[PDB]
There are 2 protein chains.
Amino acid sequence: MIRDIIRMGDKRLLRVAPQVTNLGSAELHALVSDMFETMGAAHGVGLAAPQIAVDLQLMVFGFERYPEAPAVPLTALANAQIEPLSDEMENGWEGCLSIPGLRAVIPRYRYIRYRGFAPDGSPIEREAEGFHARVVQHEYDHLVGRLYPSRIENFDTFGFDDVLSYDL
Amino acid sequence: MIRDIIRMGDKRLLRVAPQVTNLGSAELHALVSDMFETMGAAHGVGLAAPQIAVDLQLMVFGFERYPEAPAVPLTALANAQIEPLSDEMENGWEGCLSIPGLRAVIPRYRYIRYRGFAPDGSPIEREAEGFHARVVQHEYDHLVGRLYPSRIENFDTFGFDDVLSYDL
Ligand SMILES: O=C(O)c1cc2sccc2[nH]1
Ligand SMILES: O=C(O)c1cc2sccc2[nH]1
Ligand code: NA
Ligand code: NA
């Protein structure tokens with residue numbers, strides 16, 4: 001079932017989400033399923049549960065839009081926790097299904113570890129770098145009430161997608 | 001003649017505009033006329049020349065949309081210069097025809113003087129306060145390559161117009 005993606009300005013994107021406590025359940029598998037399918041219909045590369053107004057520490061991401069980017073595995077991750085593996089920052093283009101039509105260059109950690117659980121309950125623990133890492137940090141921000149504009153350093157790079165010609 | 005309003009991301013909104021040097025001319029009266037009419041068709045309260053891709057220190061503003069706001073006189077102002085008359089800041093909702101659908105709360109000086117010229121060449125010099133002042137500061141920012149997002153302090157207040165329920 002495709003869910004409506006709520007848009008920036010909705011207070012429900014600004015909340016700190018509680019943990020998932022129904023790992024391995026049918027209610028969670030169905031919700032995850034709705035997320036992949038919502039993500040897929042909107043052509044997303046990641047989608048966090050608060051963007052479909054579900055107050056939970058859950059995100060889906062991955063794909064084989066962002067045309068220059070390498071493959072990221074299709075992943076559903078509950079209770080994500082993130083640690084930087086280096087202090088190196090890297091600038092890159094982000095957009096967001098809750099902020100349609102726009103994008104900006106955003107600094108993120110180049111190198112992270114993230115941990116949490118698959119919907120079935122098995123542990124997930126990975127080192128990620130570059131675009132993979134950026135996606136996870138971006139979706140993690142939603143789980144703590146944060147959107148990408150408040151991370152923009154260079155406002156010359158923020159603009160509509162069809163108009164932007166800033167050269168990174 | 002209504003002109004296309006160019007959208008955030010166009011590099012032409014990011015330039016420092018040179019002065020108008022054709023005060024009292026027919027070329028300027030016609031351009032001003034195009035601005036009022038462009039402003040009017042888009043339901044603006046102010047429009048700066050760089051938003052129709054004209055690289056000049058010129059803006060029009062005023063009206064008898066922003067439904068709670070008091071009347072501001074219809075004004076065409078060339079070579080605007082602005083001085084704060086007090087250090088008092090005041091927060092208020094802004095939007096922008098180059099950033100359609102969005103708005104944010106933005107701090108501005110409560111009390112300003114602005115000077116420059118009418119299109120006919122006569123001097124204009126006024127003290128302005130509140131909404132009047134905010135409009136002029138906002139349009140002045142365009143003339144130096146600046147848009148309102150880079151002035152947002154509280155990102156919880158930035159969002160789409162039809163969705164926002166932040167209570168100022
Ligand atoms: O969640 C999203 O919509 C999103 C995350 C990232 S990272 C680069 C683009 C992009 N879009
Ligand atoms: O130039 C504009 O579109 C504009 C200036 C201001 S001040 C409050 C709204 C608003 N809109
Ligand atoms: Na918040
Ligand atoms: Na600029």
Side-chain angles (χ1 to χ4, degrees), chain A residues 3-17 42 48 50-53 55 91-107 137-138 140-168, chain B residues 3-17 42 48 50-53 55 91-107 137-138 140-168:
Chain A
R3 311 276 195 110
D4 298 317
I5 295 162
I6 68 165
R7 273 137 18 89
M8 178 169 78
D10 197 300
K11 268 179 257 218
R12 301 167 287 185
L13 293 163
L14 302 177
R15 292 195 279 218
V16 184
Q51 301 177 265
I52 63 182
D55 198 13
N91 291 306
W93 292 103
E94 302 180 25
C96 181
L97 311 165
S98 297
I99 308 161
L102 285 133
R103 67 196 223 247
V105 168
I106 307 291
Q137 295 168 73
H138 179 117
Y140 177 87
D141 279 351
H142 287 302
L143 310 180
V144 297
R146 194 143 192 221
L147 299 129
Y148 78 69
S150 66
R151 292 190 182 275
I152 292 169
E153 287 175 348
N154 186 357
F155 282 86
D156 293 0
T157 70
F158 185 28
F160 290 85
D161 184 68
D162 58 0
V163 159
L164 266 169
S165 69
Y166 183 92
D167 221 70
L168 170 64
Chain B
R3 311 276 195 110
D4 298 317
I5 295 162
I6 68 165
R7 273 137 18 89
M8 178 169 78
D10 197 300
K11 268 179 257 218
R12 301 167 287 185
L13 293 163
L14 302 177
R15 292 195 279 218
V16 184
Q51 301 177 265
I52 63 182
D55 198 13
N91 291 306
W93 292 103
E94 302 180 25
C96 181
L97 311 165
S98 297
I99 308 161
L102 285 133
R103 67 196 223 247
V105 168
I106 307 291
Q137 295 168 73
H138 179 117
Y140 177 87
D141 279 351
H142 287 302
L143 310 180
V144 297
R146 194 143 192 221
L147 299 129
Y148 78 69
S150 66
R151 292 190 182 275
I152 292 169
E153 287 175 348
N154 186 357
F155 282 86
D156 293 0
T157 70
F158 185 28
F160 290 85
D161 184 68
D162 58 0
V163 159
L164 266 169
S165 69
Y166 183 92
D167 221 70
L168 170 64

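Side chains included, hydrogens not; waters and symmetry mates left out as well; all remaining heavy atoms used. Naming: A, B, ... by sequence-line order, numbering from 1 per chain.
- Closest heavy-atom contact between B:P50 and B:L13: O-CD2, 3.7 Å.
- For the atom pair CD1 (B:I99) and CG (B:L147), the distance works out to 5.0 Å, reported to the nearest 0.5 Å.
- When every heavy atom of B:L168 is checked against every heavy atom of B:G92, the shortest pair comes out as CD2-CA, 3.8 Å.
- Ranked by heavy-atom pairs shorter than 4.5 Å toward chain B, the options A:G9, A:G159, A:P149, A:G101 are led by A:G9.
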So between chain A and chain B, what donor-acceptor pairs come in under 3.5 Å?
from: A:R7; atom 1: NH2; to: B:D162; atom 2: OD1; distance (Å): 2.3
from: A:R7; atom 1: NH2; to: B:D162; atom 2: OD2; distance (Å): 2.7
from: A:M8; atom 1: O; to: B:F160; atom 2: N; distance (Å): 2.9
from: A:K11; atom 1: NZ; to: B:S165; atom 2: O; distance (Å): 3.1
from: A:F160; atom 1: N; to: B:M8; atom 2: O; distance (Å): 2.9
from: A:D162; atom 1: OD1; to: B:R7; atom 2: NH2; distance (Å): 2.3
from: A:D162; atom 1: OD2; to: B:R7; atom 2: NH2; distance (Å): 2.7
from: A:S165; atom 1: O; to: B:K11; atom 2: NZ; distance (Å): 3.1

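- Contacts between A:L102 and chain B at a heavy-atom distance below 4.5 Å involve the side chain alone, from C-beta outward.
- For the pair A:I6/B:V163, no side-chain contact is recorded, criterion being any heavy-atom separation below 4.5 Å from C-beta on.
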